[PDB]
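Q: One structure, pasted below without further comment.
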Amino acid sequence: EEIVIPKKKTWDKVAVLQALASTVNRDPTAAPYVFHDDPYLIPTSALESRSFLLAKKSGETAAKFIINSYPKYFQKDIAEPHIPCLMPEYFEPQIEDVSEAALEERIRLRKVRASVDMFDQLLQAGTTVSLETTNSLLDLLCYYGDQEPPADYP
Amino acid sequence: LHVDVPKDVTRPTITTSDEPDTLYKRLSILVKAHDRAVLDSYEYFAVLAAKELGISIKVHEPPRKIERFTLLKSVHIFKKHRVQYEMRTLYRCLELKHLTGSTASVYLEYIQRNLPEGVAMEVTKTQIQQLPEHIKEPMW
Amino acid sequence: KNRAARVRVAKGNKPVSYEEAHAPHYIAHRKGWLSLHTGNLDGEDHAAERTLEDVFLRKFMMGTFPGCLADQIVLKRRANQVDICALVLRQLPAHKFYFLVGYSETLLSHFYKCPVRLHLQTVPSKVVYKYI
Amino acid sequence: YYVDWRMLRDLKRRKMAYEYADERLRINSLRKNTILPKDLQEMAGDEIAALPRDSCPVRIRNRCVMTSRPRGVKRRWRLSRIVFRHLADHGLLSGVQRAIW
Amino acid sequence: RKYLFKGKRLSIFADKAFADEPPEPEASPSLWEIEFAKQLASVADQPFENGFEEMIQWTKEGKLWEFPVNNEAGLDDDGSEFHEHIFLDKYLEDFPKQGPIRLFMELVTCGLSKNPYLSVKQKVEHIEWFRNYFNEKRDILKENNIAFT
Amino acid sequence: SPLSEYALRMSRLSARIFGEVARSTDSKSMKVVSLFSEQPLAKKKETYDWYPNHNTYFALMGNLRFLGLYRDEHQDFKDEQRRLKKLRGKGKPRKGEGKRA
Amino acid sequence: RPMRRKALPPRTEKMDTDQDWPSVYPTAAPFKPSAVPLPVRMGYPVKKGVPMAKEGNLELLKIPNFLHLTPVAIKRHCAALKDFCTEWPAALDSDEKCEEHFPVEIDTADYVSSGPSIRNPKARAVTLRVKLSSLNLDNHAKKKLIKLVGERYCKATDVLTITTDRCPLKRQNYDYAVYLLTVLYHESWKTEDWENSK
Ligand SMILES: [Mg+2]
């Protein structure tokens, strides 16, 4: 008499899109999806292909520069659920006091010269520094070889 | 592609759990739009998709709603001269029946992701479950 | 006489587009809507916020592509995605368009916290519906 | 820059009413009943009066967000009749058409 | 002849009867391990091939809504329960057990139970406010024959 | 008709189950339940966020005009009317040095 | 001296009439006159004129096209999506059969709209519907259950409807409605001394 209820299948949030993607194949008469679908904007040569994908990246970098330099204009969040990847980034330490904790922040932000200055200052005062924290400093310095992380800016 | 074809396309992983599945006796999908033709095309897409997955579907058109309001035409004075505006809302109801919870999620995802611009959905799931174990037996 | 959104008659030498030719009373009859969202449907909220975003998005696109827009843009919202469909004249070099798309997309995606895509159809010149 | 100084004053009135909402709710509850001694109710009537005048939520006026017009506004869009008509008559509002019937 | 898996081997190592004995996160991910993982990702980093792959990436990053739509996605009110929101008389123990203050606080806690726009923490703050308010007004209440705390 | 004991005691048994007011409360005293069951007018997103942040748009677009990524036809128009006006000698006086001393 | 770039010929010219159209429009996109191999025209025509052509046609761009959704695509899509679906129990072949084994009906509503926020206030509400015949109720209990619930009970259908929206979330309102049923059922069976005075 008792009805048998089927056992519910489960899948990832992107599983349905992955299933639909499997059906379609590449369009032979179209340029790669990155390139804009227009006759005027289709890359004729291999140089225009790379140059079109270098002007697009440049425009993205121009926007990320503005967002990260004038963050007060990009702080109102109207997106529910909240989107972390569409918020301004902050890379400069905001902990002013000179403590082992402040050094840990600089190490997390991966600043090499600033962390060395605060580590030396901590040694000058003589305040205790954890061996694990001292290792996180060496990791950053050893990995970047004493040079600030490579970045591009004005 | 004429000669160049994928060989063994990768397919998402669907793992059957040990939890029992939801049982929806009914599932009403009320789509709304300003355009009837969009509702006709979406109705065709949704009814075809239901029939292809084995779902039982019926469709009816709830009466349309028209909201009208009046405004002052001139910027200054000339009260008697007005302009009227309206927004028309059209409805298409897709009544599904006898759906498990796995069938209702995949179907709703597929049709919600393809919901045209200017169209709003109002799903109304109706689940059926047994009685609470406490209620089953009277206890003093 | 009604002066609203009517491109008045000149002397047969003014090239008006299809959108400009038709007065307000032809909306939903001969010409559609430039923006399509769900915020003016019955029992739906956030009409005020969707409309304000549209006003800005049109002023942004005009300034970002100055003199390169052949017609008004079309805004299409689906879920949280925003899609901007603009007819643009072929004045600027091709690589410059890739820059303004990458810039205008990223900037408006971090400003309204939604995925924003720009769709550009390039015309050789403005399309003339009739000479009025 | 906001449209005018009148819109700026209203914006401040809206941000100070939000700050004092819980306070004015908790205190005003003591007055809108017949269960508490009238001595307490008369005193709560004075604590609410002492709060800043811009906290009072009846001093907020709905103005057009784009022109700061005090009257003629439609609450669903927050625009005046003149501004609403310009966007509507150009096909820029989604689903708004002229009413012929 | 040149069989890939038939022939002599170095034999310096032995068959791994024990495998992966130390856990993969022996320590918190170091900069060296965190950066090597980023480089492995770039190895398979190709541009989007269609609109599906773009939407898949947005979904993995949280940019695009998940489907089917859940209007309460990521919206948990401190993992509370229905009984926590509705039964709030546990917090009225400090107040007088009877009298006008009890009659008033009953109306306050009845409304708070019917409030869907507040969390339990916020509702408690409303109750706590009145506890401190009546304590301050102890002298006026005593004149009216009401004894508080 | 009047409510007999059975009717009244059943009504109280129901209110206790459904979390309703159980005692006899005057219409005046029922406002306390309303105040604490409803979001206040000043706490609703429509009121406190009635306006768009006009400072963010004006400041952001002004900054973009100076970076060369945005073109403001209106501002360029005003910039040239000021330039021409200054040449004509009708420019803005310096503060504290107005016509009246 | 300045060189103006030349647009390529539309790629529709290279499209065969037996192509795999789903690949051309895999997902929802705007109408691209250079990718749709159709001589479509749209626009009210001027006197002694034909409707405007597809290239540079704002009206076609304003349409929410269904090119990505074609009968060939929809059938190919659903073939992949079949693995996700689960089979309805065959025994529950009728509505009455479901009421026998599953008397409780829980109503939950979702809303899909366009905007940055996925939040709708109406999604929290839940509604429980049970028939009193399905519940094991003595003659005394059924009379007590019907008096307590008031207008929630409908004599014509014999259905008790409990609507719970007071709690913030849907999982809280759902658990509350199940709770309300348990207390009403258990209380109805309990007999109080004051009940003998009816
Ligand atoms: Mg007023």
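A note on labels: chains of the structure tokens are A, B, ... as shown, every chain counts residues from 1, and ligands are counted from 1 in their shown order.
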Throw together the list of residues within 8 Å of ligand 1, counting only C-alpha atoms and all ligand atoms, and drop it here as number ranges by chain.
A: D: 58-62
Q: Could you save those same residues with N, CA and C atoms as a short mmCIF file (atom, residue, chain, number, x, y, z; two decimals), in the first residue's frame?
A:
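again-v6.cif was written with the following content:
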```cif
data_model
loop_
_atom_site.label_atom_id
_atom_site.label_comp_id
_atom_site.auth_asym_id
_atom_site.auth_seq_id
_atom_site.Cartn_x
_atom_site.Cartn_y
_atom_site.Cartn_z
N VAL D 58 6.94 63.34 9.18
CA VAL D 58 5.92 64.06 8.42
C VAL D 58 6.47 65.29 7.73
N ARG D 59 7.77 65.56 7.88
CA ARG D 59 8.42 66.68 7.22
C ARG D 59 9.14 66.26 5.94
N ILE D 60 8.98 65.01 5.54
CA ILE D 60 9.50 64.52 4.27
C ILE D 60 8.49 64.82 3.19
N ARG D 61 8.98 65.35 2.07
CA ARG D 61 8.16 65.66 0.90
C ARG D 61 8.69 64.87 -0.28
N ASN D 62 7.79 64.26 -1.05
CA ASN D 62 8.20 63.51 -2.22
C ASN D 62 8.39 64.45 -3.40
#
```
Q: Among range 39-76 of chain A, which residues does DSSP mark as helix (DSSP H, G or I) when it is run on the backbone? Keep the chain and numbering as in the structure and answer as a PDB file with N, CA and C atoms, in the first residue's frame.
A:
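As written to disk, part06.pdb reads:
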```
ATOM      1  N   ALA A  46      45.756  38.122 -38.322  1.00  0.00           N
ATOM      2  CA  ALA A  46      46.177  37.682 -36.998  1.00  0.00           C
ATOM      3  C   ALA A  46      46.647  38.850 -36.141  1.00  0.00           C
ATOM      4  N   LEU A  47      47.194  39.896 -36.760  1.00  0.00           N
ATOM      5  CA  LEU A  47      47.577  41.080 -35.998  1.00  0.00           C
ATOM      6  C   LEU A  47      46.350  41.776 -35.424  1.00  0.00           C
ATOM      7  N   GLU A  48      45.307  41.954 -36.239  1.00  0.00           N
ATOM      8  CA  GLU A  48      44.099  42.594 -35.734  1.00  0.00           C
ATOM      9  C   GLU A  48      43.411  41.727 -34.690  1.00  0.00           C
ATOM     10  N   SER A  49      43.606  40.409 -34.748  1.00  0.00           N
ATOM     11  CA  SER A  49      43.078  39.543 -33.701  1.00  0.00           C
ATOM     12  C   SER A  49      43.719  39.869 -32.360  1.00  0.00           C
ATOM     13  N   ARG A  50      45.053  39.899 -32.319  1.00  0.00           N
ATOM     14  CA  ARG A  50      45.745  40.177 -31.068  1.00  0.00           C
ATOM     15  C   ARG A  50      45.530  41.622 -30.635  1.00  0.00           C
ATOM     16  N   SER A  51      45.504  42.551 -31.592  1.00  0.00           N
ATOM     17  CA  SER A  51      45.321  43.956 -31.244  1.00  0.00           C
ATOM     18  C   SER A  51      43.915  44.212 -30.719  1.00  0.00           C
ATOM     19  N   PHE A  52      42.921  43.495 -31.248  1.00  0.00           N
ATOM     20  CA  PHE A  52      41.563  43.638 -30.738  1.00  0.00           C
ATOM     21  C   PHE A  52      41.434  43.068 -29.332  1.00  0.00           C
ATOM     22  N   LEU A  53      42.183  42.015 -29.019  1.00  0.00           N
ATOM     23  CA  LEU A  53      42.187  41.437 -27.683  1.00  0.00           C
ATOM     24  C   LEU A  53      43.209  42.095 -26.770  1.00  0.00           C
ATOM     25  N   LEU A  54      43.915  43.119 -27.254  1.00  0.00           N
ATOM     26  CA  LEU A  54      44.755  43.954 -26.414  1.00  0.00           C
ATOM     27  C   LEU A  54      44.142  45.317 -26.150  1.00  0.00           C
ATOM     28  N   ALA A  55      43.230  45.773 -27.012  1.00  0.00           N
ATOM     29  CA  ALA A  55      42.488  46.997 -26.747  1.00  0.00           C
ATOM     30  C   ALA A  55      41.330  46.729 -25.798  1.00  0.00           C
ATOM     31  N   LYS A  56      40.748  45.531 -25.873  1.00  0.00           N
ATOM     32  CA  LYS A  56      39.692  45.157 -24.940  1.00  0.00           C
ATOM     33  C   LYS A  56      40.246  45.036 -23.527  1.00  0.00           C
ATOM     34  N   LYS A  57      41.375  44.339 -23.379  1.00  0.00           N
ATOM     35  CA  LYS A  57      42.009  44.224 -22.072  1.00  0.00           C
ATOM     36  C   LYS A  57      42.432  45.591 -21.551  1.00  0.00           C
ATOM     37  N   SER A  58      42.845  46.485 -22.450  1.00  0.00           N
ATOM     38  CA  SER A  58      43.234  47.826 -22.029  1.00  0.00           C
ATOM     39  C   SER A  58      42.034  48.609 -21.513  1.00  0.00           C
ATOM     40  N   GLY A  59      40.872  48.439 -22.145  1.00  0.00           N
ATOM     41  CA  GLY A  59      39.681  49.123 -21.669  1.00  0.00           C
ATOM     42  C   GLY A  59      39.205  48.579 -20.336  1.00  0.00           C
ATOM     43  N   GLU A  60      39.358  47.270 -20.128  1.00  0.00           N
ATOM     44  CA  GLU A  60      39.046  46.685 -18.830  1.00  0.00           C
ATOM     45  C   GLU A  60      39.988  47.211 -17.755  1.00  0.00           C
ATOM     46  N   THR A  61      41.269  47.379 -18.097  1.00  0.00           N
ATOM     47  CA  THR A  61      42.232  47.903 -17.136  1.00  0.00           C
ATOM     48  C   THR A  61      41.992  49.379 -16.857  1.00  0.00           C
ATOM     49  N   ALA A  62      41.482  50.120 -17.840  1.00  0.00           N
ATOM     50  CA  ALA A  62      41.147  51.520 -17.607  1.00  0.00           C
ATOM     51  C   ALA A  62      39.978  51.641 -16.641  1.00  0.00           C
ATOM     52  N   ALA A  63      39.018  50.717 -16.724  1.00  0.00           N
ATOM     53  CA  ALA A  63      37.891  50.739 -15.801  1.00  0.00           C
ATOM     54  C   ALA A  63      38.322  50.317 -14.404  1.00  0.00           C
ATOM     55  N   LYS A  64      39.110  49.244 -14.301  1.00  0.00           N
ATOM     56  CA  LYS A  64      39.563  48.792 -12.992  1.00  0.00           C
ATOM     57  C   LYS A  64      40.449  49.833 -12.323  1.00  0.00           C
ATOM     58  N   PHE A  65      41.191  50.610 -13.113  1.00  0.00           N
ATOM     59  CA  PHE A  65      41.967  51.712 -12.554  1.00  0.00           C
ATOM     60  C   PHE A  65      41.051  52.760 -11.936  1.00  0.00           C
ATOM     61  N   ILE A  66      40.006  53.158 -12.662  1.00  0.00           N
ATOM     62  CA  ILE A  66      39.084  54.170 -12.152  1.00  0.00           C
ATOM     63  C   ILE A  66      38.346  53.656 -10.923  1.00  0.00           C
ATOM     64  N   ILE A  67      37.922  52.392 -10.949  1.00  0.00           N
ATOM     65  CA  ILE A  67      37.160  51.850  -9.829  1.00  0.00           C
ATOM     66  C   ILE A  67      38.016  51.809  -8.572  1.00  0.00           C
ATOM     67  N   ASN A  68      39.281  51.420  -8.707  1.00  0.00           N
ATOM     68  CA  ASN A  68      40.172  51.275  -7.565  1.00  0.00           C
ATOM     69  C   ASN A  68      40.795  52.590  -7.124  1.00  0.00           C
ATOM     70  N   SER A  69      40.613  53.665  -7.892  1.00  0.00           N
ATOM     71  CA  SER A  69      41.172  54.965  -7.555  1.00  0.00           C
ATOM     72  C   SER A  69      40.132  55.953  -7.056  1.00  0.00           C
ATOM     73  N   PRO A  71      37.079  54.887  -5.249  1.00  0.00           N
ATOM     74  CA  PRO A  71      36.156  53.866  -4.727  1.00  0.00           C
ATOM     75  C   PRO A  71      34.879  54.423  -4.122  1.00  0.00           C
ATOM     76  N   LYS A  72      34.860  55.687  -3.694  1.00  0.00           N
ATOM     77  CA  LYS A  72      33.666  56.205  -3.036  1.00  0.00           C
ATOM     78  C   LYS A  72      32.469  56.219  -3.979  1.00  0.00           C
ATOM     79  N   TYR A  73      32.708  56.228  -5.289  1.00  0.00           N
ATOM     80  CA  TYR A  73      31.630  56.255  -6.267  1.00  0.00           C
ATOM     81  C   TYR A  73      31.125  54.866  -6.628  1.00  0.00           C
ATOM     82  N   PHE A  74      31.811  53.813  -6.189  1.00  0.00           N
ATOM     83  CA  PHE A  74      31.467  52.435  -6.518  1.00  0.00           C
ATOM     84  C   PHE A  74      31.251  51.618  -5.251  1.00  0.00           C
TER      85      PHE A  74
END
```
Q: Show me which bits of chain G are within 12 Å of chain C, counting only C-alpha atoms, as a ChimeraX atom specification.
A: /G:2-8,10,28-35,42-65,111-122
Q: From a DSSP calculation on the backbone, collect every residue of range 32-72 of chain B in strand (DSSP E or B) and output the set as number ranges by chain.
A: B: 32-33, 56-60, 65-72
Q: Could the residues in this selection be saved with N, CA and C atoms as a short mmCIF file (atom, residue, chain, number, x, y, z; two decimals), in the first residue's frame?
A:
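Final output, selection.cif:
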```cif
data_model
loop_
_atom_site.label_atom_id
_atom_site.label_comp_id
_atom_site.auth_asym_id
_atom_site.auth_seq_id
_atom_site.Cartn_x
_atom_site.Cartn_y
_atom_site.Cartn_z
N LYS B 32 3.81 36.93 -17.15
CA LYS B 32 3.19 38.22 -17.44
C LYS B 32 4.05 39.00 -18.42
N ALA B 33 3.40 39.75 -19.30
CA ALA B 33 4.12 40.55 -20.29
C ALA B 33 3.19 41.59 -20.87
N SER B 56 2.99 16.73 -17.77
CA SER B 56 1.62 17.01 -18.18
C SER B 56 1.35 18.49 -17.99
N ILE B 57 0.87 19.14 -19.05
CA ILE B 57 0.72 20.59 -19.05
C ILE B 57 -0.62 20.98 -19.65
N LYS B 58 -1.18 22.06 -19.12
CA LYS B 58 -2.37 22.69 -19.67
C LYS B 58 -2.17 24.20 -19.61
N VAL B 59 -2.80 24.92 -20.53
CA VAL B 59 -2.58 26.35 -20.67
C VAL B 59 -3.92 27.06 -20.80
N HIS B 60 -4.04 28.20 -20.13
CA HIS B 60 -5.19 29.07 -20.26
C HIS B 60 -4.72 30.51 -20.15
N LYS B 65 -5.20 42.73 -17.73
CA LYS B 65 -5.41 43.92 -16.91
C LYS B 65 -4.83 45.13 -17.62
N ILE B 66 -5.58 46.22 -17.62
CA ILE B 66 -5.13 47.49 -18.17
C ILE B 66 -5.25 48.54 -17.08
N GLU B 67 -4.13 49.18 -16.75
CA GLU B 67 -4.09 50.25 -15.76
C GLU B 67 -3.90 51.58 -16.47
N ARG B 68 -4.86 52.49 -16.29
CA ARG B 68 -4.84 53.79 -16.94
C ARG B 68 -4.77 54.89 -15.89
N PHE B 69 -3.99 55.93 -16.18
CA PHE B 69 -3.92 57.12 -15.34
C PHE B 69 -3.85 58.36 -16.21
N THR B 70 -4.31 59.48 -15.66
CA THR B 70 -4.37 60.75 -16.36
C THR B 70 -3.33 61.71 -15.82
N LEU B 71 -2.79 62.54 -16.71
CA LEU B 71 -1.79 63.54 -16.35
C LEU B 71 -2.16 64.88 -16.97
N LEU B 72 -1.47 65.93 -16.52
CA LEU B 72 -1.67 67.27 -17.04
C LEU B 72 -0.79 67.46 -18.26
#
```
Q: If you take only C-alpha atoms and a cut-off of 10 Å, which residues of range 3-92 of chain D touch range 136-147 of chain E, and what are their nearest atom pairs and distances in Å to one decimal, in chain and number order, as a Markdown table?
A:
```
| residue | atom | partner | partner_atom | distance |
| --- | --- | --- | --- | --- |
| D:36 | CA | E:141 | CA | 9.6 |
| D:37 | CA | E:144 | CA | 6.9 |
| D:38 | CA | E:144 | CA | 9.3 |
| D:39 | CA | E:140 | CA | 7.3 |
| D:40 | CA | E:140 | CA | 7.2 |
| D:43 | CA | E:140 | CA | 9.8 |
```
Q: Do you know which residues are at most 7 Å from residue 99 in chain D counting only C-alpha atoms, after dropping those on the same chain fewer than 3 positions away, and could you put them as a ChimeraX atom specification?
A: /B:68,84-86
Q: Hey, could you make a per-residue contact list for chain D against chain G with 12 Å as the cut-off, showing the nearest pair of atoms and its distance in Å to one decimal, counting only C-alpha atoms, sorted by chain and number, as CSV?
A:
```
residue,atom,partner,partner_atom,distance
D:91,CA,G:62,CA,11.1
D:92,CA,G:62,CA,11.7
D:94,CA,G:62,CA,11.4
```
Q: Rank G:197, G:165, G:138, G:101 by their smallest atom-to-atom distance to chain E, using only C-alpha atoms, and report the top residue only.
A: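 Selected residue with least distance to chain E: G:165.
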Q: Would you give me, as an mmCIF file with N, CA and C atoms, in the first residue's frame, the residues of chain F that come within 9 Å of chain E, using only C-alpha atoms?
A:
```cif
data_model
loop_
_atom_site.group_PDB
_atom_site.id
_atom_site.type_symbol
_atom_site.label_atom_id
_atom_site.label_comp_id
_atom_site.auth_asym_id
_atom_site.auth_seq_id
_atom_site.Cartn_x
_atom_site.Cartn_y
_atom_site.Cartn_z
ATOM 1 N N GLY F 19 -1.179 32.979 18.529
ATOM 2 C CA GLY F 19 -0.338 34.111 18.881
ATOM 3 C C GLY F 19 -1.018 35.451 18.708
ATOM 4 N N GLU F 20 -2.314 35.517 18.981
ATOM 5 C CA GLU F 20 -3.069 36.757 18.913
ATOM 6 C C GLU F 20 -3.192 37.361 20.306
ATOM 7 N N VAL F 21 -3.614 38.626 20.353
ATOM 8 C CA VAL F 21 -3.865 39.262 21.639
ATOM 9 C C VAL F 21 -4.912 38.451 22.386
ATOM 10 N N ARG F 23 -6.015 39.127 25.787
ATOM 11 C CA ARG F 23 -6.836 39.894 26.706
ATOM 12 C C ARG F 23 -7.808 40.780 25.931
ATOM 13 N N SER F 29 -5.240 50.786 22.550
ATOM 14 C CA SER F 29 -4.099 49.980 22.959
ATOM 15 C C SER F 29 -3.681 48.966 21.905
ATOM 16 N N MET F 30 -4.486 48.764 20.862
ATOM 17 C CA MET F 30 -4.103 47.868 19.781
ATOM 18 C C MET F 30 -3.127 48.515 18.809
ATOM 19 N N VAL F 32 -0.265 49.710 19.694
ATOM 20 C CA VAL F 32 1.062 49.253 20.096
ATOM 21 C C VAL F 32 1.436 47.989 19.332
ATOM 22 N N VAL F 33 0.465 47.101 19.113
ATOM 23 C CA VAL F 33 0.731 45.894 18.336
ATOM 24 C C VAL F 33 1.042 46.258 16.892
ATOM 25 N N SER F 34 0.348 47.263 16.356
ATOM 26 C CA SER F 34 0.601 47.697 14.986
ATOM 27 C C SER F 34 1.989 48.312 14.854
ATOM 28 N N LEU F 35 2.362 49.182 15.795
ATOM 29 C CA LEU F 35 3.638 49.883 15.692
ATOM 30 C C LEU F 35 4.808 48.910 15.654
ATOM 31 N N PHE F 36 4.731 47.824 16.417
ATOM 32 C CA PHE F 36 5.837 46.886 16.538
ATOM 33 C C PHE F 36 5.705 45.694 15.605
ATOM 34 N N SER F 37 4.639 45.631 14.811
ATOM 35 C CA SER F 37 4.462 44.581 13.819
ATOM 36 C C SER F 37 4.715 45.062 12.398
ATOM 37 N N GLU F 38 4.812 46.371 12.187
ATOM 38 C CA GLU F 38 4.957 46.963 10.867
ATOM 39 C C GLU F 38 6.246 47.766 10.804
ATOM 40 N N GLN F 39 6.920 47.699 9.663
ATOM 41 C CA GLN F 39 8.110 48.509 9.460
ATOM 42 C C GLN F 39 7.718 49.984 9.437
#
```
Q: Compute the set of chain C residues within 7 Å of chain F, using only C-alpha atoms, and express it as a list in words.
A: residues 63, 64 and 66 of chain C
Q: Those selected residues, please, written with N, CA and C atoms and delivered as a PDB file, in the first residue's frame.
A:
```pdb
ATOM      1  N   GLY C  63      27.961  59.882 -24.301  1.00  0.00           N
ATOM      2  CA  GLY C  63      29.257  60.488 -24.045  1.00  0.00           C
ATOM      3  C   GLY C  63      30.418  59.551 -24.316  1.00  0.00           C
ATOM      4  N   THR C  64      30.230  58.256 -24.065  1.00  0.00           N
ATOM      5  CA  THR C  64      31.318  57.307 -24.274  1.00  0.00           C
ATOM      6  C   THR C  64      31.562  57.053 -25.755  1.00  0.00           C
ATOM      7  N   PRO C  66      30.851  59.428 -28.507  1.00  0.00           N
ATOM      8  CA  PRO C  66      30.356  60.736 -28.962  1.00  0.00           C
ATOM      9  C   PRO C  66      30.353  60.835 -30.480  1.00  0.00           C
TER      10      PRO C  66
END
```
Q: Please list as a VMD selection string every residue within 9 Å of residue 91 in chain B, counting only C-alpha atoms and excluding residues in the same chain fewer than 2 positions away.
A: chain B and resid 30 to 34 36 39 60 to 65 89 93
Q: For chain B against chain E, which residues fall within 7 Å using only C-alpha atoms, given as a VMD selection string?
A: chain B and resid 105 108 to 109 112
Q: Could you tell me which residues of chain E sit within 9 Å of chain C when counting only C-alpha atoms, and give me the result as an NGL selection string?
A: :E and (58 or 63-65)
Q: Find the spatial neighbours of residue 84 in chain G, counting only C-alpha atoms, within a cut-off of 10 Å - ignore same-chain residues fewer than 5 positions away - and output them as an MDAnalysis selection string.
A: (chainID A and resid 8:11 15:16 19) or (chainID B and resid 12:16 53 102:107)
Q: Residues of the last selection are to be written out with N, CA, C and O atoms, as a compact mmCIF listing (two decimals), in the first residue's frame.
A:
```
# COMPACT_ATOMS: atom_id res chain seq x y z
N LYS A 8 15.63 11.76 -4.72
CA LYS A 8 15.87 12.99 -5.47
C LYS A 8 17.30 13.06 -5.98
O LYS A 8 18.25 12.87 -5.22
N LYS A 9 17.44 13.34 -7.27
CA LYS A 9 18.74 13.60 -7.87
C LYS A 9 19.20 15.01 -7.53
O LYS A 9 18.38 15.92 -7.34
N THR A 10 20.51 15.20 -7.47
CA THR A 10 21.09 16.49 -7.15
C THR A 10 22.21 16.80 -8.13
O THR A 10 22.84 15.90 -8.69
N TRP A 11 22.46 18.09 -8.33
CA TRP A 11 23.45 18.54 -9.29
C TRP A 11 23.95 19.92 -8.88
O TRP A 11 23.36 20.60 -8.05
N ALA A 15 25.22 22.86 -13.44
CA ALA A 15 25.07 21.60 -14.15
C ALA A 15 24.15 21.73 -15.35
O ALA A 15 24.40 21.14 -16.41
N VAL A 16 23.06 22.49 -15.22
CA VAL A 16 22.11 22.60 -16.31
C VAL A 16 22.73 23.32 -17.50
O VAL A 16 22.56 22.91 -18.65
N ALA A 19 24.94 21.00 -19.36
CA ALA A 19 24.20 20.08 -20.21
C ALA A 19 23.79 20.75 -21.51
O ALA A 19 23.94 20.17 -22.59
N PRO B 12 27.46 16.79 -17.46
CA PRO B 12 27.48 17.07 -16.03
C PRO B 12 27.17 15.82 -15.20
O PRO B 12 26.54 14.87 -15.67
N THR B 13 27.65 15.84 -13.96
CA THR B 13 27.47 14.72 -13.05
C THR B 13 26.16 14.88 -12.29
O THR B 13 25.94 15.89 -11.61
N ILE B 14 25.29 13.88 -12.41
CA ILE B 14 24.00 13.85 -11.71
C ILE B 14 24.04 12.65 -10.78
O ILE B 14 24.03 11.50 -11.23
N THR B 15 24.10 12.92 -9.47
CA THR B 15 24.21 11.88 -8.46
C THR B 15 22.88 11.73 -7.73
O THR B 15 22.34 12.70 -7.21
N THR B 16 22.37 10.50 -7.70
CA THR B 16 21.12 10.22 -7.02
C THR B 16 21.37 10.12 -5.52
O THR B 16 22.21 9.34 -5.07
N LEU B 53 9.84 16.35 -22.02
CA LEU B 53 10.32 15.79 -20.77
C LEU B 53 9.30 14.87 -20.11
O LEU B 53 9.59 14.30 -19.06
N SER B 102 12.82 16.80 -8.53
CA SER B 102 13.91 16.87 -9.50
C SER B 102 13.42 17.34 -10.86
O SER B 102 14.10 18.10 -11.55
N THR B 103 12.23 16.89 -11.26
CA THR B 103 11.67 17.30 -12.55
C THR B 103 11.25 18.76 -12.54
O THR B 103 11.30 19.43 -13.58
N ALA B 104 10.84 19.29 -11.39
CA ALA B 104 10.37 20.66 -11.33
C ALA B 104 11.52 21.65 -11.28
O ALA B 104 11.37 22.79 -11.73
N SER B 105 12.67 21.24 -10.74
CA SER B 105 13.83 22.14 -10.70
C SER B 105 14.48 22.25 -12.08
O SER B 105 14.78 23.36 -12.54
N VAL B 106 14.69 21.12 -12.75
CA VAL B 106 15.33 21.16 -14.06
C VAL B 106 14.44 21.88 -15.07
O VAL B 106 14.92 22.68 -15.88
N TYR B 107 13.13 21.61 -15.03
CA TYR B 107 12.23 22.28 -15.96
C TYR B 107 12.16 23.78 -15.68
O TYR B 107 12.24 24.60 -16.60
```
Q: Compile the residues of chain A that lie within 8 Å of chain E, evaluated using only C-alpha atoms, and express the compilation as a PyMOL selection string.
A: chain A and resi 13-14+17-18+20-21+26+32-34+81+83-86+136+139-140+143
Q: Could you write out as a list in words the residues of chain B within 6 Å of chain G, counting only C-alpha atoms?
A: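 Taken together, these residues fit the definition: residues 100, 102, 103, 120, 121, 122, 123, 124, 125, 126, 127, 128, 129, 130 and 135 of chain B.
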Q: Distance limit 7 Å, atoms considered: only C-alpha atoms. Which chain F residues sit that close to chain D? Return them as a PyMOL selection string.
A: chain F and resi 28-29+31-32+42-43+47-48+51+54-55+58
Q: Between CA of residue 27 in chain F and CA of residue 94 in chain E, what is the spacing in Å?
A: 27.6 Å
Q: Do me a favour and pick out the residues of chain C within 6 Å of chain A, using only C-alpha atoms, as a list in words.
A: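 The complete set of qualifying residues is residues 94, 95, 98, 99, 102, 103, 106, 107, 110, 111 and 113 of chain C.
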Q: Within 8 Å of chain F, which residues of chain G show up? Give each one with its shortest atom-to-atom distance in Å (one decimal) and the two atoms involved, counting only C-alpha atoms, rows by chain then rising residue number, as a tab-separated table.
A:
```
residue	atom	partner	partner_atom	distance
G:147	CA	F:10	CA	7.5
G:148	CA	F:14	CA	5.2
G:149	CA	F:14	CA	7.2
G:180	CA	F:17	CA	7.3
G:183	CA	F:17	CA	7.2
G:184	CA	F:17	CA	7.5
G:194	CA	F:6	CA	7.0
G:195	CA	F:6	CA	6.5
G:197	CA	F:6	CA	6.7
G:198	CA	F:6	CA	5.4
```
